[PDB]
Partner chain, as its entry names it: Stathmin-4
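Before any questions on how it binds or moves, here is one chain, the form solved without its partner chain, in structure tokens.
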């Protein structure tokens, strides 16, 4: 029919996946054991016993977080052969994850996806969750991308990558792995939803008033945005029906496949007495730079495409009024040769949050996917850090001692340098 596979790599990917699948089950009413008391069948496969199991592959080169999954309250929801561990990790090194450690485990991983796919008939592709600062989350993600493209060349693929941020950063070599994984992955992906940890951290500090947001809050919010993105795939919507329609509507050119994602509104649970924010107010909040998942200035860049995804008790006429109000502005600058409209898909299922988190349920909400040239600067900062290290050949021996050639770094840098040019080319 229409089926999707979820792939989770590394610690960040696995924890985001925990949050996302927990929220999916809470939204669809699936009990933690998997027994449901179907348009959503795209993300869950049912068995003879009525047991709905996710099509999720939890991958890690070290077993700590996967074991955390196996001892959690969702232990019986996932199948034991769908969760893959290892005895040695990459130690924050893209070279170890991609070249050394990844060889011993990629075959088993691909076999597991093969068994998952033989239960599928209408696969559109994979939704890969991973990060940029990790050795596993970059190296094995890249190798899996390459092997899947070799194996599923017709099929589509998406990322939900995590942009490194200093406050929660763990390694000093994060720009190295980010540049390496981007250079190798740019060819085998259709649409990447980068998320900046500094943006989420700031939202939790400001909107949610959390003094020290730990990883739990970050993954909960990221699950909210990811679920809001995939609702069209899971709730039988009128737009973005399959994974190909994403890249058709948001990625008009091969290289530039990096949309900017915005979620509104964000209200702390302790502010439960909040009055319901109107459609106009949240529509305005969409374009406020203080509520974006990647830190950049869309005001200072030129758009390429844009789409709205509403949720809740939302009436189309008020949506059209808000769109008309926003359109007659000088702050929105599309290019001079492309459809200067908003592909507005409207959903009516109410927004629902995790019972227990610091977010409060809001009767209506909205997400905004805008492919623009602003996010370009979000790349440049990374390159800056890269330019500060490879010039002195700092830390390069750790990579070269695990099966990587030194000049590759330069190539990778050059690639994103070229990427940057494309951003000014369209702008």
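Numbering follows the first chain given and starts at 1.
Form deposited with its partner chain bound: not shown, discussed below.
S.K.: Which pick from 187, 313, 111, 270 sits with a heavy atom within 4.5 Å of its partner chain in the deposited bound form?
M.R.: None of the other options qualify; the answer is 187.
S.K.: Using a 4.5 Å heavy atom cut-off, which residue among 400, 26, 36, 380 comes into contact with its partner chain in the deposited bound form?
M.R.: Filtering the options by heavy-atom distance leaves 400.
S.K.: At the 4.5 Å heavy atom threshold, is residue 146 in contact with its partner chain in the deposited bound form?
M.R.: Heavy-atom contact with its partner chain at 4.5 Å: present for residue 146.
S.K.: Would residue 153 count as touching its partner chain in the deposited bound form under a 4.5 Å heavy atom rule?
M.R.: Yes - in the deposited bound form, heavy atoms of residue 153 and its partner chain come within 4.5 Å of each other.
S.K.: Answer yes if any heavy atom of residue 130 is within 4.5 Å of a heavy atom of its partner chain in the deposited bound form; otherwise answer no.
M.R.: Residue-level check for residue 130: no, no contact with its partner chain.
S.K.: In the deposited bound form, is there a heavy atom of its partner chain that lies within 4.5 Å of any heavy atom of residue 300, even though the partner is absent here?
M.R.: It does not: once its partner chain is placed as it appears in the deposited bound form, residue 300 has no heavy atom within 4.5 Å of it.
S.K.: Heavy atoms within 4.5 Å of its partner chain in the deposited bound form: which of the stretches 111-119, 75-83, 352-360, 97-105 has them?
M.R.: The contacting stretch here is 97-105.
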